[PDB]
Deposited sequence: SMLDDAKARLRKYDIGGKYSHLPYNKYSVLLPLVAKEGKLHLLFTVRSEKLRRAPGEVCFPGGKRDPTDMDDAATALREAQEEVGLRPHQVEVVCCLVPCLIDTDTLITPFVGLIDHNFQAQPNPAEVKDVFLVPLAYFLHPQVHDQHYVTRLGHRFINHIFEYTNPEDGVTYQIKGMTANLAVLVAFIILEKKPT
């Protein structure tokens, strides 16, 4: 099946816990894969305008590890629940992708999760202004705008709303698109 196939592709890029013990400032993100209408999509958040860090920008759910977290995956799952109401029984964590090094002292670990078909997002308005889906195939032929810095524009055909996707978020999205969709019969 489509889901069987996705998970088998993702498994081959799993680094697991290899870089998890290093002495960084530690954050995790969850990349949430949703099946709709015969196709895979990624779920994104728009950050609330009131936050200190990057108000109004597009990102994956996530945040800073805390002493309660059993491991780095736990951080991503805690944060996803708090931000958009995703419960643990509604997600299968499939792998841990390459971590992102920033600012000389910080390591951000991305996890890919398959989302239950009955999940409906309940955004916490203190953290998240909006939630939207993008088909995964979009990231193979995106609409690119140079700010020089590459920025993607995605227009939701349901309501005509345009979102800007950039930085680490845009990089991770293209990576997941390549892993799952490259080299497939039609």
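- Stretch of the deposited sequence left without coordinates: only 148 to 157.
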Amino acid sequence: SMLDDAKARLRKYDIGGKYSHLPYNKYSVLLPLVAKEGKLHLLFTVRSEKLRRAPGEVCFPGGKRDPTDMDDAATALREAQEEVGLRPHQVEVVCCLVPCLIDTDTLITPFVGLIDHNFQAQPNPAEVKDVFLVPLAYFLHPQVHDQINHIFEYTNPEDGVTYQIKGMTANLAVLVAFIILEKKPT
From here on, numbers count along this sequence of modelled residues.
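Think of the rigid core as the biggest set of C-alphas that the two forms share within 1.5 Å after superposition.
- With 138 to 146 and 47 to 55 as candidates, the stretch whose CA atoms show the greater average offset from this form in 8 other deposited structures of this protein after a core fit is 47 to 55.
- Stretches compared: 173 to 181, 8 to 16. Higher mean C-alpha B-factor in the entry: 8 to 16.
- Judged by mean Cα B factor in the deposited record, 50 to 58 ranks above the other of 50 to 58 and 131 to 139.
- Of the candidates 124, 68, 45, 28, the PDB record gives 124 the highest C-alpha temperature factor.
- When all modelled residues of the chain are sorted by CA temperature factor, residue 103 is found within the highest third.
- Ranked against the other modelled residues of its chain, the C-alpha B-factor of residue 35 as given in the entry falls in the middle third.
- For residue 85, the recorded CA B-factor ranks within the middle third of the chain. Only modelled residues enter the ranking.
- In the deposited entry, the Cα temperature factor of residue 117 places it in the middle third of its chain's modelled residues.
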